[PDB]
Amino acid sequence: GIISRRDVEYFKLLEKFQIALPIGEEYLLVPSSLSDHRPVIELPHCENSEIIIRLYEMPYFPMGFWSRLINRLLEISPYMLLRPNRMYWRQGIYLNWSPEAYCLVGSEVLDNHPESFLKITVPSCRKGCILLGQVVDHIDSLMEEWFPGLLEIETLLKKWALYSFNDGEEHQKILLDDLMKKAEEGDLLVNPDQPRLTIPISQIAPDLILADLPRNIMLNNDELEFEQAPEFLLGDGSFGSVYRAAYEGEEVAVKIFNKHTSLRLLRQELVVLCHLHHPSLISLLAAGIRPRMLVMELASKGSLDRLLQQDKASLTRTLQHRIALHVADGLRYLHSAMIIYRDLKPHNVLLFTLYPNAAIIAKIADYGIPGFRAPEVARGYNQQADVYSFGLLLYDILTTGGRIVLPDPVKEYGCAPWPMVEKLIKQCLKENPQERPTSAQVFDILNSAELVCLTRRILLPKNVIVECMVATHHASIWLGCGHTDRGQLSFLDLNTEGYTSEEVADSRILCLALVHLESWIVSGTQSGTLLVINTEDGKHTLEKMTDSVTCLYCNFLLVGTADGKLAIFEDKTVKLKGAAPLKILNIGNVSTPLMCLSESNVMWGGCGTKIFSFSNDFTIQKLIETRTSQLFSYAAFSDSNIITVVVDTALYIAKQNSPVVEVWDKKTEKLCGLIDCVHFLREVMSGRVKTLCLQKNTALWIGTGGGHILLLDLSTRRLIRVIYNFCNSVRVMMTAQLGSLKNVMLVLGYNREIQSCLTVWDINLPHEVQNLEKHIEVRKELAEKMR
Ligand SMILES: Cc1ccc(C(=O)Nc2ccc(CN3CCN(C)CC3)c(C(F)(F)F)c2)cc1C#Cc1cnc2[nH]ncc2c1
């Protein structure tokens, strides 16, 4: 019946309907028209004491039983804890690795017995015990799943173990139920007529004592301090018969299979557990038969369902993200092994620590022992149903309480916004299973520090573009717009998203500043008018500048004009109409606009291609011509006007249309280094620098014209991260306060008719990137170590 693949070559359907059943080496089984007889098999051993014989007496073989059985047994291996010499018949299969590892499963007929028999013969060794365990597990699973009713009341199905007291005698039979009772009564089978003739109950039925367990899984009863009492019940009724106990000095959870059809459920759960080695799944420590027992690791902090209602204060954003990441990792692990977690809910998620930075926080458990079902599950599993269950779990994690005690999580429960988690919840809850992401995709989405550190994403009205923005030093943003010839001043409320606007100037508003005394906002427009508007009262003008006001800084107020001039006002001066600046001075010329200013005190500034510096005297101290960096940079980049200067210990200079950020020494006035943004972007796959912002906690934020954010570590200037997929062009970037001591970075980006957006990032984004990468590496190392 064996047919080569090339002689037949769809195949998945052939496997489904028991047509192909691939063997290996491009060979198909095709049970139909096989040898139909026993092809003379001589076993390595022929004595009673060297073999184990297990008999299944049945009234008949069900149709399709042997084909499915052989398909199941084709994958057996004693090393799954050499290539076998496989042989096939229609009703049987023979495997042979070695004289110490073989398995003969085949049909059998007794004299004067109409009933059919299935005989399993293995060597009397550990490998033979493992093979026997696998074979009987496969047979029992097959009968449970494909042929129910042959098991219930029995149904003339009997299981026998064949034994003898002396080599050379004929095998006697004992039912597995009677032998199971004797196994609890003792460890020996006794000849009723001659007590002197004794055999071990094991090694004729070694699967009844779990002798095929891995060496590290066998119970050491000398190390187990376990008492079965309701005082030690775990979850005062939950989790079923789960008890607290001590094993090898550590507190563990103990599941009891007593008072039921034990050694079938226990063996099934062992078959499931022993091949699952994953950091996100609860780990099996031991198993036993004296009481039918599973000993697993104990979760110190209980389950997630109890935490979501009792200790809501502990659910920080980092802890929630780590719990979600661990659960998604566990689901990916289960789905990669073709294993389905049917019912996932907060009750099934165990917590080991509440420390957000721990390597292991959450694990998935399925104890013994509704509204957490996919529509196709509720109406009627599938991996998409598990993805839907994970979406529900992530919704429950995101919301404070709610369902555990769908509508929009933020409006209904308060639930401070988590923009990139709500999108994942929406994707995971799609009704059509084929549109839902896979568990690997879900984990890949959650494995992103952009997901953690993205706090808000506010979208402005269409075709309204914003030239400048300034935040009140107190979640209120003033915007100077330029989508018109008459400049407009807008106000955006970042707590309750709300946009208002008003036209205040004849020309576009190029820059904004806040003067705090009373508080006022100075708008510098293209015509040069400095329009000072009260921040509490509605809509003064200061002395008009000779050209466009290109920068405003605010102590004093500094007005850098496009004419290369710097005007200096006192805070009390700007309060009155038409007041002249305290000073005016020339650093550049008509063609060299004063385009940036910064503080570090000493006031640095960038005008044309020059870095100028000044102290309280308002006189120029240092003039550094950056043009010379053409010797190290490219000429067209170093000849461009400086658009922003950032100073902490060295000057960081960005130039117009230039993808290179220059680093200059404050003391020697010499070029310290160059940062090539195109080089960094090519590692991920424009580069022109538009914004340049500094985080004092060791980070440089570079906004590019292609909508990317380069996070650099200003120590050897290594690349921390590249953030993207949020806009098409970064236009403004600045640090701000949203209240409640929340430090944020506001990125005004563009989605180009034109859709401009304001994105809020947590100030600890580089630290979160590094921490998440280290966490993922540690978890990967753990998964590799577990095998
Ligand atoms: C004592 C105990 C025994 C067993 C388990 C267990 O989960 N077993 C288990 C079984 C199956 C599966 C996977 N199957 C595959 C297909 N199936 C259809 C679906 C899933 C999983 C896997 F994990 F792989 F999904 C785990 C947990 C505990 C426990 C405990 C404990 C520990 N500490 C605690 N503290 N408070 C309470 C508490 C409770």
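Easy rule for this one: first residue shown is 1, then count along the chain.
Per the header: electron microscopy, 2.9 Å.
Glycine residues also receive a Cβ, built from the backbone N, Cα and C atoms like all the rest.
Taken from Swiss-Prot, the feature active site, proton acceptor applies to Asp343, supported by sequence analysis. The ATP binding site feature in Swiss-Prot is assigned to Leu234, 236-237, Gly240, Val242, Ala253, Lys255, 296-297, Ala299, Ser303, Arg306, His347, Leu350, 365-366. The annotation repeat 'WD 5' is assigned in Swiss-Prot to 621-665.
Proximity of the recorded positions (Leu234, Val242, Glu297, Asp343, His347, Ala365) to ligand 1: a Cβ under 6 Å from the molecule is found for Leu234, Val242, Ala365.
Rounded to a whole number, the C-alpha distance linking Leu234 (ATP binding site) with the residue listed as 'active site, proton acceptor' is 21 angstrom. Here the repeat 'WD 5' (621-665) has, by DSSP, the following mix of helix, strand and coil residues: 10 helix, 23 strand, 12 coil.
The distance from the Cα of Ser600 to the Cα of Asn601, across a stretch of 6 residues left out of the model, is 5 Å.
In this view, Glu297 (ATP binding site) is surrounded by 18 other Cβ atoms within 10 Å of its Cβ, with every protein chain counted. A gap of 17 residues interrupts the model between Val405 and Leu406, whose Cα atoms are 15 Å apart. Residue environment of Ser303 (ATP binding site) contains 22 other Cβ atoms, counted within 10 Å of its Cβ in all protein chains.
Within the same chain, residues at least 6 positions away in sequence whose Cβ sits under 8 Å from that of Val242 (ATP binding site) are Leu233, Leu234, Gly235, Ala253, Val254, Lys255, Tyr367, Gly368. For the gap of 15 residues left open between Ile369 and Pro370, the distance from one Cα atom to the other is 15 Å. You'll find the Cα of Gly237 (ATP binding site) roughly 19 Å from the Cα of the residue listed as 'active site, proton acceptor'. When the Cα atoms are compared, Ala365 (ATP binding site) and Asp343 (active site, proton acceptor) turn out to be 11 Å apart. With 16 residues not built between them, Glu9 and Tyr10 place their Cα atoms 10 angstrom from each other. Under the three-state DSSP scheme, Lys255 (ATP binding site) falls in the strand class. Annotation note: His347 (ATP binding site) sits in a helical segment as assigned by DSSP. Neighbour list (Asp343 (active site, proton acceptor), Cβ cut-off 8 Å, at least 6 residues apart, same chain): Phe372, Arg373, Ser389.
In the shown protein chains, 19 other C-beta atoms lie within 10 A of the C-beta of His347 (ATP binding site).
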